[PDB]
Amino acid sequence: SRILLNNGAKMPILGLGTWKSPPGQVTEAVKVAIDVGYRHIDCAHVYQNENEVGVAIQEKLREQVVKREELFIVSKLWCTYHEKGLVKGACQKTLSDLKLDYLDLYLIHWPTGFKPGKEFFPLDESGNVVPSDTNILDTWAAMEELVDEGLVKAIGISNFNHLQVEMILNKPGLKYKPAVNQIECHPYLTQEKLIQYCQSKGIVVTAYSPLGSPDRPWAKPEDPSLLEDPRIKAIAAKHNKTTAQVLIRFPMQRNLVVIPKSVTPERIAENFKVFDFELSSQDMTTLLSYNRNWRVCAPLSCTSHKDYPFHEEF
Ligand SMILES: NC(=O)c1ccc[n+]([C@@H]2O[C@H](COP(=O)([O-])OP(=O)(O)OC[C@H]3O[C@@H](n4cnc5c(N)ncnc54)[C@H](OP(=O)(O)O)[C@@H]3O)[C@@H](O)[C@H]2O)c1
Ligand SMILES: O=C(O)Cc1nn(Cc2nc3cc(C(F)(F)F)ccc3s2)c(=O)c2ccccc12
């Protein structure tokens, strides 16, 4: 159920995603997730619900359902906080909201720095994202100070291409290698080259949007829909599982961590019931064959940033 990180800690391979979970419902989702066995929760300041996630963890600690040491809590440094002088503050905001004294894992959320300010997505008069003049290495160094201060046990990156990861690995005077690279990954975006790269460097990959993010706010009706793909439904039916269950078990058999999101109690329980079956060799091969290089997260508004990650092949 856990994968060994390069800081000596073990990370639960199945976690709960919290992007688009309203504060209205996320407290309940987390409480239930913890009741049915989740120990990993994936969070972010930009998700605007960390207080409410905090509320649920604190209550379950107090109910004596779980202890802190058994929980693996992940958050992410948003783009507007890449300046080295802003990083600790941003982490401590997250810590305070979550009502925690440490994070198990803190990620650079995107490789791209945006103009610091109140707005999460600063756009100019004409809709282009306004970048900041930060660079990956300076931001990484700032992430390193958080480990050395005991605020976070591990640090990592998200949405970095293999050259951006290589930049960090080759940093003269590097203090900590990234532990995790969290990237979009599912049968329509199978990431074979970037996964092979990361795992060859002892960097654990976390798969996000594993169900295709049907609730992503820019969805178009003509877009491919993983959960409704009849080819996947057919794999599911043969195993007497749901398509979500197939889609969650798929990265697990690639030695990935996976973080499906739900606020629906029934689905939170369903999604965790994936350690009682296996996908066969043909199933895995079949699912990888559905790759189309289609991304949930890849906005036109960011494509001119110097650090945009998705120009490179991988
Ligand atoms: N690092 C980054 O840049 C980044 C980017 C995107 C996502 N992430 C993380 O990855 C997590 C997962 O990705 P995601 O939120 O984009 O989407 P996802 O997990 O692929 O899909 C979530 C959608 O699927 C529905 N769903 C969940 N379980 C289901 C089931 N058993 N049957 C049918 N529908 C089900 C959910 O509905 P209900 O909730 O209404 O039940 C929701 O609409 C995020 O929440 C976030 O923590 C990180
Ligand atoms: O961030 C999440 O976890 C989910 C997420 N994704 N996206 C699509 C994005 N695509 C990006 C692309 C870059 C890029 F690096 F590529 F330029 C940088 C930043 C972003 S945000 C959003 O617009 C968003 C808005 C609010 C809360 C969460 C999200």
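Sequence order sets the numbers: each chain starts from 1, possibly unlike the entry numbering, and residues with no coordinates are not included. Following the order in which they are written, the chains are lettered starting with A and the ligands numbered starting with 1. By convention in this description, side-chain values take in all heavy atoms of the structure and omit both hydrogens and water.

Caption draft 1: Fine view of the pairing of strand β7 (residues 155–158). Relative accessibility under 20% of the residue-type maximum defines a buried residue, over 50% an exposed one, and the middle range a partly exposed one, all with a 1.4 Å probe and only protein chains included. Each helix is a run of H or I in the DSSP string that is no shorter than four residues. Each strand is a run of E no shorter than two, and both are numbered from the N terminus. Here β7 shows two buried faces, one formed by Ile155 and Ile157 and the other by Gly156 and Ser158. Sheet analysis places strand β6 (residues 105–108) next to β7, joined by 3 bridges and oriented parallel. Residue pairing across strands places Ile108 opposite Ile157, the latter belonging to β7. Here is how to tell: hold the view so the strands point away, follow the path from the first strand over the helix to the second, and if it runs clockwise the crossover is right-handed. Each parallel crossover has a hand, and the one from β6 via helix α4 (residues 136–148) to β7 is right-handed. Two strands are counted as paired when DSSP detects at least two bridges linking them.

Caption draft 2: Highlighting the sheet that holds β6. Across the sheet, 8 strands lie side by side as β3-β4-β5-β6-β7-β8-β9-β10; this open sheet has parallel pairing. Each edge of the open sheet is held by one strand with a lone partner, namely β3 (15–17) and β10 (257–258). Here strand β4 (residues 40–42) pairs with strand β5 (residues 72–77) via 3 bridges, running parallel. In the sheet register, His40 faces β5, and the bridge partner there is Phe72.

Caption draft 3: Highlighting the site of ligand 1. Summary of the distance rule: residues count as near a molecule or strand when at least one heavy atom falls within 4 Å of that molecule or strand. Near ligand 1 lie 31 residues; those nearest to it are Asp42, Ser209, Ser213, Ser262 and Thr264. Definition of a polar contact: a pair of N or O atoms within 3.5 Å, with one able to donate and the other able to accept a hydrogen when the atoms are protein atoms, and with sequence-neighbouring residues admitted only if both atoms are side-chain atoms. Contact distances for ligand 1 include 3.1 Å between an oxygen atom and a side-chain N or O atom of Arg267. The protein chains shown are the only cover counted for residues, whose accessible areas, like all others here, come from Shrake-Rupley with a 1.4 Å probe. Taken by itself ligand 1 offers 920 Å² of open surface, and the protein chains cover 91% of this. Here the shell around ligand 1 takes 3 residues from helix α9 (residues 265–272), the largest share from any one element. Of the residues that constitute the shell around ligand 1, the class distribution is 12 nonpolar, 12 polar and 7 charged. Side-chain classes are defined by residue name, with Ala, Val, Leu, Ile, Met, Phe, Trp, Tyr, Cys and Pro counting as nonpolar, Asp, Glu, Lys and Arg as charged, and the others, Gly among them, as polar.

Caption draft 4: Geometry of the pattern of salt bridges. Note on definitions: salt bridges are taken to be side-chain nitrogens of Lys or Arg within 4 Å of carboxyl oxygens of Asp or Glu. Per the counting criterion, the structure on display carries 16 salt bridges. Close ionic contact of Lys31 with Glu28 constitutes a salt bridge, the shortest N to O distance being 3.0 Å. Linking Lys31 with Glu28, this pair stays in helix α1 (residues 23–36), spanning 3 residues, or about one helical turn. For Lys31, a relative accessible area of 17% translates into the label buried. Under the relative-accessibility criterion, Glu28 is labelled partly exposed at 40%. Residue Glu192 pairs with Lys193 through a salt bridge whose shortest N-O separation is 2.9 Å.

Caption draft 5: The arrangement of the UniProt feature "active site" in the protein chain in detail. UniProt positions are given in the numbering used here, feature names are shortened, and annotations may be inferred rather than shown by experiment. UniProt records the feature "active site" at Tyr47, using the numbering of this structure. Structurally, the position occupied by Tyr47 is in the loop between β4 and α2 (50–62). Should any heavy atoms of two residues lie within 4.5 Å, those residues are counted as being in contact. The contacts of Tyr47, once residues within four sequence positions are left out, are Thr18, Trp19, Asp42, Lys76 and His109.

Caption draft 6: Region of the structure containing helix α10 (residues 281–288). Of all the residues in α10, the buried ones are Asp283, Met284, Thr286 and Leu287. Here the buried residues of α10 occupy an arc of 165° about the axis, which is enough to place them on one side. Exposed side chains of α10 directed beyond 90 degrees from the buried face belong to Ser281 and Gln282. Looking at the buried residues of α10, the elements they touch are α7 (230–238) and α8 (243–252). Directions drawn from the helix axis to the C-beta atoms are what define this arc.

Caption draft 7: Representation of the site of ligand 2. Residues in contact with ligand 2 amount to 15 residues; listed here are only the nearest, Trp19, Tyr47, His109, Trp110 and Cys302. Contacts to ligand 2 include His109, whose side-chain N or O atom sits 2.7 Å from an oxygen atom. Within the complex, 88% of the 580 Å² of free accessible area of ligand 2 lies under protein.

Caption draft 8: Expanded view of the pairing of β5. Within β5, 6 of the 6 residues are buried, which leaves the element mostly enclosed by the surrounding structure. In terms of strand pairing, β5 meets β6 through 4 bridges, oriented parallel. Across the sheet, the residue bridging to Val74 is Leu105, located in β6. In the classification by handedness, the crossover that spans β5, the intervening helix α3 (residues 84–98) and the parallel β6 is right-handed.

Caption draft 9: Spatial organisation of the side chain of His186. With respect to the helices and strands, the residue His186 is situated in the loop between β8 (180–184) and α6 (192–200). By relative accessible area, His186 is classed as buried at 1%. Polar contacts involving the side chain of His186 include one to the main-chain carbonyl oxygen of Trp294, which spans 3.3 Å. Filtering out sequence-adjacent residues up to four positions away, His186 remains in contact with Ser209, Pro210, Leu226, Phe250, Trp294 and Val296.

Caption draft 10: Molecular detail of the environment of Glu59. Its place among the elements puts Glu59 in helix α2. Distance from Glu59 to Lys31, taken between C-alpha atoms, is 8.1 Å for residues 28 residues apart in sequence.

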